[PDB]
K.L.:
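Before anything else, here's the structure in question.
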Amino acid sequence: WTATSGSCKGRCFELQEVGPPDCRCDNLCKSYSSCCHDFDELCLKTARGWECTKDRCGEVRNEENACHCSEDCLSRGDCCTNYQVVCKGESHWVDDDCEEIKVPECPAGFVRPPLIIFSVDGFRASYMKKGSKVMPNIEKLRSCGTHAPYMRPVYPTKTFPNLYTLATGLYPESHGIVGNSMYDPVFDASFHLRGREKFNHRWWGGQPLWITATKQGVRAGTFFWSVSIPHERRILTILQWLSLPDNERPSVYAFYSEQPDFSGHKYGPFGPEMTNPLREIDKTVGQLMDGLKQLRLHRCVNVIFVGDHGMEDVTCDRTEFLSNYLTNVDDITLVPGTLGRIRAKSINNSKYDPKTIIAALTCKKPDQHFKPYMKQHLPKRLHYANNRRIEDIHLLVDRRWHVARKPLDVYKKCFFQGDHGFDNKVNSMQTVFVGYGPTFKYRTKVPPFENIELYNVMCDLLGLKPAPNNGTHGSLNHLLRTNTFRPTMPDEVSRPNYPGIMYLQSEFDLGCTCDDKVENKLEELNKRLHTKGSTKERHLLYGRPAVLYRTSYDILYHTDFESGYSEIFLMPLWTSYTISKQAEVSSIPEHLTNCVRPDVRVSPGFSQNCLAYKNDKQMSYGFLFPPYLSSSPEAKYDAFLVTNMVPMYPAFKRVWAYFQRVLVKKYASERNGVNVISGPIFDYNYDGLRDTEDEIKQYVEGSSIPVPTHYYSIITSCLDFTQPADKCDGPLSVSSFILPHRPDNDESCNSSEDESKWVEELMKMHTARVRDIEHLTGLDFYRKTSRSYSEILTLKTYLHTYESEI
Ligand SMILES: *[C@@H]1O[C@H](CO)[C@@H](O[C@@H]2O[C@H](CO)[C@@H](O[C@@H]3O[C@H](CO[C@H]4O[C@H](CO)[C@@H](O)[C@H](O[C@H]5O[C@H](CO)[C@@H](O)[C@H](O)[C@@H]5O[C@H]5O[C@H](CO)[C@@H](O)[C@H](O)[C@@H]5O)[C@@H]4O)[C@@H](O)[C@H](O[C@H]4O[C@H](CO)[C@@H](O)[C@H](O)[C@@H]4O[C@H]4O[C@H](CO)[C@@H](O)[C@H](O)[C@@H]4O)[C@@H]3O)[C@H](O)[C@H]2NC(C)=O)[C@H](O)[C@H]1NC(C)=O
Ligand SMILES: CNC(=O)C[C@H](NC(=O)COc1c(CN(C)Cc2nc(C)cs2)cccc1OC)c1cccc(C(F)(F)F)c1
Ligand SMILES: [Ca+2]
Ligand code: NA
Ligand code: NA
Ligand SMILES: [Zn+2]
């Protein structure tokens, strides 16, 4: 119940919201059907429109008008935004030349530059170039401020998950808004775009920017606008708040627009109907900037122009139907569209089996336009599994397609030409970032980055301590003139042991054999030098990785590679080696096919054994430093050490061997040498974080050798590829991957073909940031370089996406 008999007089767009049954007058009262009876009359005036005209100038104030052109309007804070232009001979902001804003120029009373967020729904990154002719205000923000060519949204590339990620710095799996539609099985409740359940705070986790501000004494304008409030009224409300007394005035504001998304769904991302929506959003930016100029705030405020996701061409005819795959289609509930999520229709169904559902959806039709995954097997870069609202079965839908349960859902539930939600590396899903103001840089282009990073910077802009989030604070310091955040490197928690030769060969009873007794004062000294770290500069180019948790491990040096060997997990945490452009690939010699050799520096009790692999009929082994890239026949023996061995399913060994035998040399050739760090990852609870020993669900049969869920590589070279990776004077270049360690290649529909036709495609899908590997391993990379720490943080957030140019 709401007592709508109360009044909005002197309360229009009040900041503090009131509780039922008292009627409301805030930004969202319409969405709750709770506005006071006179809210439209008092708060939503429209008389005479939104613009001053020459005949209105100096008018007698009429309080009924939407905005004012009377001599008193500036002191009242409610002039039409073009008042000074029409009535006082001023220029529109867009018409003024860009001039660098070196320092804030703020009116007295202003404690800090205000932050104004201008959020646009469905604004695809390429509109900034493709639409620049019809968007002169936006184009001036972009050219004169700081801009990226695009900003990467989060998956799924839907509205509510991305806007809330913008606000919180969190992945959707952490903030809880994991789709526009959700079912939470603990609450037994459903969240939908339409309706009241979505207002319950239990759905909205983390801590959004307006709550971080308010908790630390910084006042915030409300970030939400009921859809029926015209954009012109939203802008005038923001400008009116900006004229409040100092102690009442907010420091952070947001505007939101439903466009260009609304028209993009109807017309497709580049439909001829799309120009007018772009012109109108531009005109709204111009209102804001003219209004700021009137308030003398246009060289004081920092403005962020930002979108949630882009827009792809999608039509009703490009829909896959699960009814063409499943015998049992009425036993499942599908959350449909540009992603699919599947759960049982009834929890009382003992006939429900996700294994038979996955198999019936796997590579069944030659041009099949979606791929099924158990969520834990989705690319780790998506960070889309650790939430009970995310269904176990996931369908990743190809760009331009939909998935639906049955045909009748598509005509009884073509209209639309555009949609979004696909994989967040897809070019059409990328969106926009421009920052303009005293705290941003002048005429500066910055490389693409992730929307999770902005919360830290907005906190930086407002003098706030950010709540814990998934940004890497400092990785965006190059966007900023001042207010940078100067992080320190984390301290190493575990120091390594450096074992020498401590065991005789006969102390080992591992069931391994090697034809190595085929093997000199000159050159024995040399091998001793290698085992003590004499080639280590060549192979560990950025320092040893620091271990940020408590564990027991050894540094092991070799001619061709260096590793940190865990005595707890019985295998390396990391293995680091450099391959020059001139490096030669060799074979594994016939007499060494089955060679595994005890490592006389590491106890038998802290070693793997061969008999366990013999006995486990599902599990084989591979090597982290590849025997194919040995520098000499004699150095090659090192590659067969029991301390370089890792458990690998035979199907996975097809992938790994092609990566090691073929692709590393190809990258060294292309990049002018590469430094590679490889290793295992254990993430059995799919939380994106390193597992402890007691979270491991699978071991090589009969042993304490834990089985990795994934294997990573970080591949680093010189950004200036005229310099070799090992003699690089300036910035670095990196690509990395986190490959799922699976017992089949069901993910790759073409895997019966030669590895050259499918492996690199798999690896591309599983591309990763170095930061993703850090979370999954508890290791900190790039500890000793010539580079600034913020530059290294940017490097660690880089994702190599393999898309063509935006
Ligand atoms: C991205 O950044 C985010 C933010 O930094 C990272 O997420 C953090 O990761 C931490 C570890 O996973 C986690 O810390 C835990 O917090 C527990 C208390 O959590 C509550 O309080 C915080 C603070 O206000 C709050 O933010 C939490 O909010 C979560 O949960 C609510 C309700 O479900 C949601 O609305 C909200 O969206 C959020 O959910 C997300 O996180 C939870 C986990 O908290 C997931 O379940 C969800 O799926 C979703 O992803 C909470 O309200 C604290 O109690 C934990 O401690 C346990 O474990 C340790 C082991 O050392 C032990 O000391 C404790 O005893 C305890 O164990 C006991 O409980 C176990 C299970 O019941 C049981 O097995 C044991 O036997 C014990 O009894 C732990 O410290 C932190 O909460 C989240 N924060 C957020 C916002 O998500 C994220 O990791 C980053 N991602 C990457 C890839 O880097
Ligand atoms: C019909 N309109 C809609 O459906 C969307 C519209 N959204 C908004 O008015 C503001 O959008 C959001 C922002 C806004 N914020 C400004 C984006 C940010 N960008 C940065 C950079 C930080 S925060 C941040 C976080 C989540 C957001 O929405 C879920 C809306 C209208 C009515 C009610 C709701 C709700 F309560 F259900 F959520 C949502
Ligand atoms: Ca884990
Ligand atoms: Na085996
Ligand atoms: Na296959
Ligand atoms: Zn949309």
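Along the sequence shown, residues carry numbers from 1. For the numbers below, each heavy atom of this structure counts, side chains included, while hydrogens, waters and symmetry mates do not.
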K.L.:
Can you find a heavy atom in the side chain of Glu803 that is under 4.5 Å from one in the side chain of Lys425?
P.N.:
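The answer is yes, as the side chains (C-beta and beyond) meet within the 4.5 Å cut-off.
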
K.L.:
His402: which residues meet the ring pair (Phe, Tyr, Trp, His ring centres under 6.0 Å) condition with it, sequence neighbours left out?
P.N.:
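Here the qualifying residues are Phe416.
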
K.L.:
Evaluate the side-chain proximity of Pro598 to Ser607: yes if any heavy-atom separation is below 4.5 Å, no if none is.
P.N.:
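No, side chains not in contact.
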
K.L.:
Using the side chain to side chain contact (heavy atoms under 4.5 Å, CB included) rule, take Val596 and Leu510 through it: C-alpha gap first, then chi angles, then the decisive distance, then the call.
P.N.:
CA-CA 9 Å; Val596 185; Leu510 313 168; over 6 Å; no

K.L.:
Has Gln608 got a side-chain atom pairing as donor or acceptor with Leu570's backbone, closer than 3.5 angstrom?
P.N.:
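Here the side-chain-to-backbone pair exists.
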
K.L.:
Taking the side chain from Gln723 and the backbone from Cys728, do they hold a donor-acceptor pair closer than 3.5 Å?
P.N.:
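Flag not set: sc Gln723 to bb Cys728 has no pair under 3.5 Å.
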
K.L.:
Return the minimal non-hydrogen interatomic distance between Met311 and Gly122, and the atom names on each side.
P.N.:
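Shortest heavy-atom separation between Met311 and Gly122 comes out as CB-O, 4.3 Å.
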
K.L.:
What pairs meet the salt bridge (charged side-chain N to carboxylate O under 4.0 Å, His left out) rule with one or both residues in residues 704-719, with sequence neighbours excluded?
P.N.:
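Residue pairs passing salt bridge (charged side-chain N to carboxylate O under 4.0 Å, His left out), neighbours aside: none found.
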
K.L.:
At what distance, to the nearest 0.5 angstrom, does CD of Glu173 lie from CG of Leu382?
P.N.:
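These two atoms lie 10.0 Å from each other.
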
K.L.:
Any idea which heavy atoms bring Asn324 and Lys365 closest together, and the distance?
P.N.:
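Taking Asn324 first and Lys365 second, the nearest heavy atoms are O-NZ, 2.7 Å.
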
K.L.:
Between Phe561 and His558, what is the ring plane arrangement, given parallel below 30°, perpendicular above 60°, and tilted in between?
P.N.:
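Parallel, since the angle between the ring planes stays under 30°.
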
K.L.:
For the residue pair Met645 and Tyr613, establish whether any side-chain heavy-atom pair is separated by less than 4.5 Å.
P.N.:
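A side-chain contact under 4.5 Å exists here.
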
K.L.:
Which atom names give the shortest non-hydrogen contact between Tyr565 and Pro572, and what distance separates them?
P.N.:
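Closest approach of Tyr565 to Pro572: CD1-N, 3.7 Å.
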
K.L.:
If you look at every heavy atom in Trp574 and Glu562, which pair is closest and at what distance?
P.N.:
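Shortest heavy-atom separation between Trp574 and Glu562 comes out as CZ3-O, 3.5 Å.
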
K.L.:
List the atom pairs, donor and acceptor, that lie under 3.5 Å between side-chain atoms in residues 325-334 and the rest of the protein, sequence neighbours left out.
P.N.:
residue : atom : partner : partner atom : Å
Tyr325  : OH   : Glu320  : OE1          : 2.6
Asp330  : OD1  : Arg405  : NH1          : 2.8
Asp330  : OD1  : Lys406  : NZ           : 2.8

K.L.:
So, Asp616 side chain and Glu701 main chain: donor-acceptor pair closer than 3.5 Å or not?
P.N.:
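At least one qualifying donor-acceptor pair exists.
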
K.L.:
Could you give me the CA-CA distance, side-chain angles and deciding distance for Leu629 and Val585, then say whether side chain to side chain contact (heavy atoms under 4.5 Å, CB included) is met?
P.N.:
CA-CA 5 Å; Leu629 295 171; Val585 181; 3.8 Å; yes

K.L.:
Could you check whether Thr472 and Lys796, counting side-chain N and O atoms only, form a donor-acceptor pair closer than 3.5 Å?
P.N.:
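No, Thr472 and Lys796 have no side-chain donor paired with an acceptor closer than 3.5 Å.
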
K.L.:
To check you understand the geometry: which heavy-atom pair defines the closest contact between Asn672 and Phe721, and what is its length?
P.N.:
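That would be ND2-O, 3.0 Å.
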
K.L.:
Filter on side chain to side chain donor-acceptor pair (under 3.5 Å), then keep only pairs touching residues 708-718, sequence neighbours left out; what's left?
P.N.:
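Found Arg671-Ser717, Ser678-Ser713, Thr716-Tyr782.
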
K.L.:
Within a 6.0 Å radius of atom NZ on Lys617, are there more than 12 heavy atoms belonging to other residues, nucleotides or ligands?
P.N.:
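Yes, because the 6.0 Å sphere around NZ of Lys617 holds more than 12 heavy atoms from other groups.
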
K.L.:
Please say which of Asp308, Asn162, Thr431 ends up in a side-chain hydrogen bond (donor to acceptor under 3.5 Å, both in side chains) with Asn451.
P.N.:
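Among the candidates, only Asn162 passes.
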
K.L.:
Only one of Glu312, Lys158, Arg124 passes side-chain contact (heavy atoms from CB on, under 4.5 Å) with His420; say which it is.
P.N.:
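When side-chain contact (heavy atoms from CB on, under 4.5 Å) is applied between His420 and each of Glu312, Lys158, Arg124, only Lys158 qualifies.
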
K.L.:
Taking salt bridge (charged side-chain N to carboxylate O under 4.0 Å, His left out) as the cut-off, I'd like each qualifying pair that reaches into residues 571-598, sequence neighbours left out, listed once.
P.N.:
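Counting only pairs at least two positions apart or across chains, the salt bridge (charged side-chain N to carboxylate O under 4.0 Å, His left out) contacts touching residues 571-598 are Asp516-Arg597.
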
K.L.:
Taking only residues two or more places apart in sequence, or in another chain, which ones meet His369 in a ring pair (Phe, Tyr, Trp, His ring centres under 6.0 Å)?
P.N.:
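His369 satisfies ring pair (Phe, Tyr, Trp, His ring centres under 6.0 Å) with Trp401 only.
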
K.L.:
Going by the disulfide (SG to SG under 2.5 Å) test, which pairs reach into residues 631-660, not counting sequence neighbours?
P.N.:
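Residue pairs with at least one partner in residues 631-660: there are none.
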
K.L.:
Could you walk me through whether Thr777 and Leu573 pass the side chain to side chain contact (heavy atoms under 4.5 Å, CB included) check?
P.N.:
CA-CA 8 Å; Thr777 61; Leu573 300 176; over 6 Å; no

K.L.:
Of the non-hydrogen atoms in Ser580 and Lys665, which two are nearest, and what is the gap between them?
P.N.:
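Scanning both residues, the minimum pair turns out to be O-NZ, 2.7 Å.
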
K.L.:
Determine whether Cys514 and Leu592 make a side-chain contact, defined as any pair of heavy atoms from C-beta on separated by less than 4.5 Å.
P.N.:
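When only atoms from C-beta onward are counted, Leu592 and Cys514 do touch, with a gap below 4.5 Å.
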
K.L.:
Donor-acceptor check, side chain of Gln430 to backbone of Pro149, threshold 3.5 angstrom: yes or no?
P.N.:
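Looks like no, no N/O pair under 3.5 Å.
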
K.L.:
Establish, yes or no, whether a centroid distance under 6.0 Å links the rings of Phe625 and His539.
P.N.:
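Between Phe625 and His539, the centre distance exceeds or equals 6.0 Å.
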
K.L.:
Quick one: CZ on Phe682 to NZ on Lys697, what's the gap to the nearest 0.5 Å?
P.N.:
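NZ of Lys697 is found 15.0 Å from CZ of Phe682.
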
K.L.:
Mind jotting down which residue pairs meet the salt bridge (charged side-chain N to carboxylate O under 4.0 Å, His left out) criterion with at least one end in residues 378-390? Sequence neighbours excluded, please.
P.N.:
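As it turns out, the salt bridge (charged side-chain N to carboxylate O under 4.0 Å, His left out) pairs with a partner in residues 378-390, which skip direct neighbours, are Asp184-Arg388, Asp184-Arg389, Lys380-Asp683, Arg381-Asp423.
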
K.L.:
Under the side chain to side chain donor-acceptor pair (under 3.5 Å) rule, collect the residues that match up with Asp638, sequence neighbours excluded.
P.N.:
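Expected list: none.
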
K.L.:
Given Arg538, which of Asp726, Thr559, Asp560 fulfils the side-chain hydrogen bond (donor to acceptor under 3.5 Å, both in side chains) condition?
P.N.:
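Going through the options one by one, the only one that passes is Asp726.
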
K.L.:
Taking atom CZ of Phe659 and atom OH of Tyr628, what is their separation to the nearest 0.5 Å?
P.N.:
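These two atoms lie 11.5 Å from each other.
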
K.L.:
Are the side chain of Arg318 and the backbone N or O of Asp313 linked by a donor-acceptor pair below 3.5 Å?
P.N.:
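Here the side-chain-to-backbone pair exists.
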
K.L.:
Just how far is it from atom NE2 of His383 to atom CG of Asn470, taken to the nearest 0.5 Å?
P.N.:
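Between atom NE2 of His383 and atom CG of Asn470 there are 7.5 Å.
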
K.L.:
Counting heavy atoms not belonging to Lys364, are there more than 12 under 6.0 Å from its NZ?
P.N.:
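Yes, because the 6.0 Å sphere around NZ of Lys364 holds more than 12 heavy atoms from other groups.
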
K.L.:
In chain order, what residues pass the ring pair (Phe, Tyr, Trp, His ring centres under 6.0 Å) check against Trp758, with sequence neighbours excluded?
P.N.:
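Expected list: none.
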
K.L.:
Under 3.5 Å, is there a donor-acceptor pair linking the side chains of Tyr802 and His800?
P.N.:
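No, no side-chain donor-acceptor contact under 3.5 Å.
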
K.L.:
Can you confirm whether the side chains of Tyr658 and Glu760 place a donor and an acceptor under 3.5 Å from each other?
P.N.:
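Their side chains do not contain a donor-acceptor pair, so the 3.5 Å distance test is not met.
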
K.L.:
Keeping to residues at least two apart or across chains, list the salt bridge (charged side-chain N to carboxylate O under 4.0 Å, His left out) pairs with something in residues 642-663.
P.N.:
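Of all non-adjacent pairs touching residues 642-663, those that pass salt bridge (charged side-chain N to carboxylate O under 4.0 Å, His left out) are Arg654-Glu755.
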
K.L.:
Answer whether the closest heavy-atom distance between the side chains of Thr767 and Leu799 falls below 4.5 Å.
P.N.:
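Heavy-atom side-chain distance check passes, below 4.5 Å.
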
K.L.:
Going by atom types alone, do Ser751 and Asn745 pair a side-chain donor with an acceptor below 3.5 Å?
P.N.:
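Looking only at side-chain atoms, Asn745 and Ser751 do not form any donor-acceptor pair under 3.5 Å.
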
K.L.:
Would you mind telling me which of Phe422, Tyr155, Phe370 makes a side-chain contact (heavy atoms from CB on, under 4.5 Å) with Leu396?
P.N.:
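Of all the options given, the one that passes is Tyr155.
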
K.L.:
Would you mind checking if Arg771 and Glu774 are paired as a salt bridge, meaning a charged N to carboxylate O distance below 4.0 Å?
P.N.:
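Counted as a salt bridge, because a side-chain N and a carboxylate O are separated by less than 4.0 Å.
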
K.L.:
Any donor and acceptor pair, going by atom type alone, linking the side chain of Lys371 with main-chain N or O of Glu747 inside 3.5 Å?
P.N.:
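Looks like yes, one N/O pair under 3.5 Å.
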
K.L.:
Is it true that atom NZ of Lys375 has more than 12 heavy atoms of other residues, nucleotides or ligands lying nearer than 6.0 Å?
P.N.:
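Yes, because the 6.0 Å sphere around NZ of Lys375 holds more than 12 heavy atoms from other groups.
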
K.L.:
Output all residues satisfying ring pair (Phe, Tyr, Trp, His ring centres under 6.0 Å) with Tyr150, sequence neighbours left out; order by chain, then residue number.
P.N.:
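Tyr150 satisfies ring pair (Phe, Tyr, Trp, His ring centres under 6.0 Å) with no residue once adjacent residues are dropped.
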
